[PDB]
Amino acid sequence: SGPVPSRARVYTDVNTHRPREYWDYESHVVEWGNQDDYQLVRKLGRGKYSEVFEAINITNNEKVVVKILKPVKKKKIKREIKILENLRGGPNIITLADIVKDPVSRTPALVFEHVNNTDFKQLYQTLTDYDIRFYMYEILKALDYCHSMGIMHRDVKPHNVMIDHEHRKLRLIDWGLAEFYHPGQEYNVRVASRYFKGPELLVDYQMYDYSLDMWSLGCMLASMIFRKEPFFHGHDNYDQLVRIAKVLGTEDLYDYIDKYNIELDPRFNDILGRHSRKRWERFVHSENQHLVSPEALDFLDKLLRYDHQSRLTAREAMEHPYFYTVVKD
Ligand SMILES: O=C(O)[C@@H]1O[C@@H](O[C@H]2[C@H](O)[C@@H](NS(=O)(=O)O)[C@@H](O[C@H]3[C@H](O)[C@@H](OS(=O)(=O)O)[C@H](O[C@H]4[C@H](O)[C@@H](NS(=O)(=O)O)[C@@H](O[C@H]5[C@H](O)[C@@H](OS(=O)(=O)O)[C@H](O)O[C@H]5C(=O)O)O[C@@H]4COS(=O)(=O)O)O[C@H]3C(=O)O)O[C@@H]2COS(=O)(=O)O)[C@H](OS(=O)(=O)O)[C@@H](O)[C@@H]1O
Ligand SMILES: O=C(O)c1cccnc1
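Cut-offs used in this document
- Residues numbered from 1 in each chain as written, not as in the entry; some residues may be left out.
- Chains lettered and ligands numbered in written order.
- Heavy atoms only, no water.
- Buried < 20%, exposed > 50% of the residue type's maximum accessible area, 1.4 Å probe, protein only.
- Helix = DSSP H or I, 4+ residues; strand = E, 2+ residues; numbered from the N terminus.
- Pairing = 2+ DSSP bridges.
- Polar contact = N/O pair within 3.5 Å; in protein donor to acceptor, adjacent residues only side chain to side chain.
- Contact = heavy atoms within 4.5 Å.
- Near = heavy atom within 4 Å.
- Areas by Shrake-Rupley, 256 points an atom, 1.4 Å probe, with all protein chains shown as cover.
- UniProt positions renumbered as here; feature names shortened; annotations may be inferred.
- Domains from an automatic or database assignment.
- Buried area = accessible area lost by both parts, 1.4 Å probe.
- Nonpolar A, V, L, I, M, F, W, Y, C, P; charged D, E, K, R; others polar.
- Axes fitted to C-alpha atoms, helices over the stretch in contact; angles between N-to-C directions.
- Expected span 1.5 Å × (residues − 1).

Structure determination for this PDB entry is given in the record as X-ray crystallography, at a resolution of 1.340 Å.

1. As for the pairing of strand β5 (residues 108–113)
A large share of β5 lies buried, amounting to five of its six residues. Of the strand pairs in this sheet, strand β3 (residues 62–69) and β5 are connected by five bridges, and their pairing is antiparallel. Considered in β5, the bridge of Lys-67 is made with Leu-110. Two strands pair when backbone bridges link them, and strand β4 (residues 96–101) and β5 are joined in this way by five bridges, in the antiparallel orientation. The residue of β5 that forms the bridge with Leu-96 is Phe-112. The hairpin turn running from β4 into β5, its antiparallel successor, is six residues long, and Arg-106 in that turn takes a positive phi close to 65°.

2. Quick look at the side chain of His-308
Position of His-308 relative to the elements: it lies in the loop between α8 (294–303) and α9 (314–318). A distance of 2.9 Å separates the side chain of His-308 from the side chain of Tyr-256, its partner in a polar contact. Look past the residues within four positions of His-308 in its chain and what remains in contact with it is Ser-6, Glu-200, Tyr-205, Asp-209, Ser-211, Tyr-256 and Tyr-260.

3. A closer look at the site of ligand 1
Near ligand 1, the surroundings consist of 14 residues, among which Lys-157, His-159, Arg-190, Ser-193 and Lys-197 are the closest. Take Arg-190: an N or O atom from its main chain is 2.8 Å from an oxygen atom of ligand 1. Between ligand 1 and the protein, one listed contact pairs an oxygen atom with a side-chain N or O atom of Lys-197 at 2.7 Å. Burial of ligand 1 by the surrounding chains reaches 44%, relative to a free accessible area of 1,300 Å².

4. Here's the deal with the UniProt feature "domain: Protein kinase" in the chain
Under the present numbering, the feature "domain: Protein kinase" in UniProt falls on residues 38–323. This span, residues 38–323, is 32% helix and 17% strand, and a straight line between its end C-alpha atoms measures 41 Å.

5. Notes on the domain arrangement of the chain
What the domain assignment reports for the chain is domain 1 (6–23 + 115–329) and domain 2 (24–114). Contacts between the two partners involve 26 residues from domain 1, matched on the other side by 20 residues from domain 2. For the pairing of domain 1 and domain 2, the buried interface totals around 2,100 Å² over both sides, and the portion due to carbon and sulfur atoms is 57%. Of all the secondary structure elements, the ones that give two or more residues to the side of domain 1 that touches domain 2 are α1 (20–23), α3 (129–148), β8 (169–172) and β9 (179–180). The residue makeup of the side of domain 1 that touches domain 2, split by class, is 15 nonpolar, three polar and eight charged.

6. Some details on unusual backbone geometry
With an omega of -10°, the peptide bond between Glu-229 and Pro-230 qualifies as cis. Positionally, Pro-230 belongs in the loop between α5 (211–226) and α6 (237–248). The backbone of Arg-168 sits at a positive phi, close to 55°, despite the residue not being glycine. With respect to the helices, strands and loops of the structure, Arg-168 is situated in the loop between β7 (161–164) and β8.

7. Brief notes about the sheet that holds β5
The sheet built from five strands is open, its strands ordered β1-β2-β3-β5-β4 with antiparallel pairing. Both outer strands of the open sheet, β1 (38–46) and β4, are each paired with one neighbouring strand and no more. Neighbour-to-neighbour, the strand axes of the sheet open up by a mean angle of 30°, direction not taken into account. Looking at chain direction, strand β2 (residues 50–57) and β3 are connected through eight bridges and run antiparallel. Among the inter-strand pairings, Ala-55 is bridged to a residue of β3, identified as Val-64.

8. Some points on α6
Between its first and last C-alpha, α6 extends 17 Å over 12 residues, near the 16 Å set by a 1.5 Å rise per residue. Three or more residues of α6 are buried, namely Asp-239, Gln-240, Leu-241, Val-242, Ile-244, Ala-245, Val-247 and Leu-248. In this structure, the buried side of α6 is in contact with α4 (199–202), α5 and α7 (250–259). Between the side-chain oxygen of the N-cap and the backbone nitrogen of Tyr-238 there are 2.9 Å, and the N-cap of α6 in question is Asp-236. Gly-249 sits one or two positions beyond α6 and adopts a positive phi of about 90°.

Put into structure tokens, the structure is as follows:
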């Protein structure tokens, strides 16, 4: 009767072995810093849930970024704080330096280590082959770390990667959609940005895991090596699945639906069509061919798979031959 369950194949039980305090973010007691330490310099942007400012720590003259959380569903604030505290110090994870109560909004303001207000979307269509491999490896360090800590990011996309290209440093940011992975839990499918949403989300399969982030990463990789922004260019969440099926084929999609006993939304019957998988060479052309190698195509092929259980994990991805040419350390 209805969809059958799924588990992560790695890091399945990390939260079950933790003290309740690790993952029970609703019970977390925020420790507050001194709002007087920070002076706002200029507004950088405004999300659905926050406003972000360049700021200065007056106590040491060091630049920081301040993210003032909007009203929001209040539970989501403690979730982001606890995740950021749990991950602090991990490889390529943005560092939460402080949490203060903003005097004007009267809401929490997260103070982050300074990063150059340059996100990966500004650079990722201009990198050399070597730099694509280098920065993909850096992103994978962050994803394996958070997955190993029981956390899925759920919003991997170029705007959530901050890059200091002069210093060859990268940080994975915006943990406001991240969640703790609990085996057998059903999650909200209204996560990730349209072009980066995994098939599990698009077919309304709720028992997903860390492997969602590996699909999103694959969408970023495909966009970079093929110079196609985005790779899967859906006009809405339904057409998004059709765009995927035009590349990966409908037979493997129906096999995925069949395996997890998913009831596909009947609105797909008139739009999905019948498609065969395309060989990845179809996307290679004179402008992108210097970014494509057998290793890049084999790696991408193992990320962009309908069945979330079949995708490479972050650690398996770091083992791939695509990264043999990247200098380690
Ligand atoms: O100039 C640019 O830089 C732009 O870059 C790319 O767009 C990025 C946005 O700039 C960025 N905005 S943010 O202010 O920095 O955060 C961010 O967009 C996300 C925002 O939340 C929002 O974008 S907005 O322009 O600020 O309005 C938009 O949110 C969508 C949700 O994704 C969508 N969720 S769903 O799962 O598809 O259903 C839905 O939310 C509705 C839903 O019912 C409920 O939300 S929930 O959280 O899923 O539960 C809730 O009820 O709210 C609903 C709602 O608000 O409508 O729709 C909203 C609204 O979207 S829309 O109607 O304006 O289309 O998209 C978010 C997102 O992550 O996409 O990030 C994007 C992407 O960054 S990137 O992938 O790195 O590029 C764009 O460039 S490109 O994508 O064309 O290549 C472009 O907009 C621009 O070029
Ligand atoms: O995590 C965030 O939302 C963030 C972190 C650093 C810079 N800007 C945003």
